[PDB]
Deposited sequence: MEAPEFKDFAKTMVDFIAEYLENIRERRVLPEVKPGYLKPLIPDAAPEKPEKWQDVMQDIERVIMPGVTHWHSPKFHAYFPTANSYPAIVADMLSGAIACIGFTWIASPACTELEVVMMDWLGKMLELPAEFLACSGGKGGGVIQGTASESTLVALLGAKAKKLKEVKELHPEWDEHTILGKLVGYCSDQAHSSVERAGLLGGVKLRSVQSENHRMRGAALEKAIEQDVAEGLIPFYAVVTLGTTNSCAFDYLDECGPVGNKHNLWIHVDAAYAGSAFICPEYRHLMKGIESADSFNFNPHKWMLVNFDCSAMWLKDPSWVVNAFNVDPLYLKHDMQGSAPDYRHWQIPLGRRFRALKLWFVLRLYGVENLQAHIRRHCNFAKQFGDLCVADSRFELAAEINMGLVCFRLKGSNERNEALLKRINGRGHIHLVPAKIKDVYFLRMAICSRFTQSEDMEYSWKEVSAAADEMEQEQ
């Protein structure tokens, strides 16, 4: 394919994307086609000769779209938002043309320097401590990782190296294997499975700390640390979760961070989803204790309109664990510029207010109860009574094909989750979604 054909194809795809997203409320949330539908529709081998882009383009509605899950439909409540925005789509077109994966070491000023400045822009937006800002002139700064799962692992590895070095310095006679066998990390029992992943891949012990009303307390963390010290183990790392995946609960960073500092554990803050809200002054209280953190992560590619991948991680000392891989700073720059801070804050606030609106509708119905306090864009709720009736309700709702919801469970309480996902959501969607839940419950009751 030559440039003129590329231009015709690409500009046609621009038209297609705008048509798709601007009219997304027309799409059905349950696919009409059955598993196995695709193979029949396309040949069994690649073509020997080049096909026409117009024919590929025609195959998008014919072959692809019937089998697509519409994540950006305001009728679709996935686990958390998947960011999409027009500025990020345009940046990624350019990154596609000029970036590399980073196999051959990227020594390029633009990739690296834009990443440093964008992490400062975003760090200022979050009012992060100066120690995390490159422009403060210290050791601190940030990197854009691919995922929060990667960020958690990277921080665990940095913490591991740091503890290794410190324990060696103090005991030159001990070998690495002996030191490494003693290392223990900590996280809440509500922490994401990526922490467990990180413990396994990092080759260390991980302790789950029992949370209180879904939130990890400093005293519980400290108790856990002390027990392991009494066993001769070496606590080295703890993950504090701001916005748990099950119910968007917040660990007490203002307790746990100081506990970690006091005991010389690296404190990593996983705020993958909820961290986007910290650009709003009214939600910044939720990361009180941030000064105690060794590393902090959130994903703009969930709730801050930056298409995947974009997981923003700051460290007090970035060296302990590089830059411009994939030119991810380009989409971050485009979004921050073409939205501006005000519009991004408006986006967070609108979503919080929508979740509250839905929670108010829900609790007004005496058949239902919240399963957790409402936080951020997430409402956890259930019919009063049994788990099985709730399992039934969720099944019925998803089967009716007007909206989609997802379940979760915390210690024997099964509940339904409504997360605000689509950037196209409006308040009337909350009314629509609630009325659909209620209508489904009405139907269950009247199954005699």
> Counting from 1 along the deposited sequence, which stretches were left out of the model?
Replying inline: 322-348
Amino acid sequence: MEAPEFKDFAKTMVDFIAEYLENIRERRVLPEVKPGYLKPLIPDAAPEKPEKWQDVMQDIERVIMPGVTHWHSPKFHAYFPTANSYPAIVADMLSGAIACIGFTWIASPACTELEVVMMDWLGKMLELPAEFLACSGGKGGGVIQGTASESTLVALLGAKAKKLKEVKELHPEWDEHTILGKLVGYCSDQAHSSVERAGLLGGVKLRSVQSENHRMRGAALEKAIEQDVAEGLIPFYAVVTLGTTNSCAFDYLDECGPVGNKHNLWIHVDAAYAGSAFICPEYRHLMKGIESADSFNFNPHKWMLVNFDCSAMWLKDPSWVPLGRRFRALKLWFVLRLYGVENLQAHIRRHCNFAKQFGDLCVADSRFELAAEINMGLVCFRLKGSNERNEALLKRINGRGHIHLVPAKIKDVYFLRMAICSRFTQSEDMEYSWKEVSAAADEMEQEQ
From here on, numbers count along this sequence of modelled residues.
> Averaged over C-alpha atoms, is the B-factor higher for 152-160 or for 227-235 in this PDB entry?
Replying inline: 227-235
> Got a sec? Mean C-alpha B-factor, which is higher, 363-371 or 176-184?
Replying inline: 176-184
> Going by the entry, which of 272, 248, 100, 306 has the most elevated CA B factor?
Replying inline: 100
>> According to the Cα B-factor stored in this entry, which of the following is highest: 423, 402, 417, 39?
In response: 39
>> Test of reading the entry: by CA B factor among the chain's modelled residues, which third contains residue 80?
In response: middle
> Relative to the other modelled residues in the chain, which third contains the C-alpha temperature factor of residue 339: lowest, middle or highest?
Replying inline: lowest
>> Lowest, middle or highest third: which one holds residue 317 when the chain's residues are ordered by CA B-factor from the entry?
In response: highest
>> Can you tell me whether residue 299 has a C-alpha B-factor in the lowest, middle or highest third compared with the other modelled residues of the same chain?
In response: lowest
> Among the chain's modelled residues, which third holds the C-alpha B-factor of residue 258?
Replying inline: middle
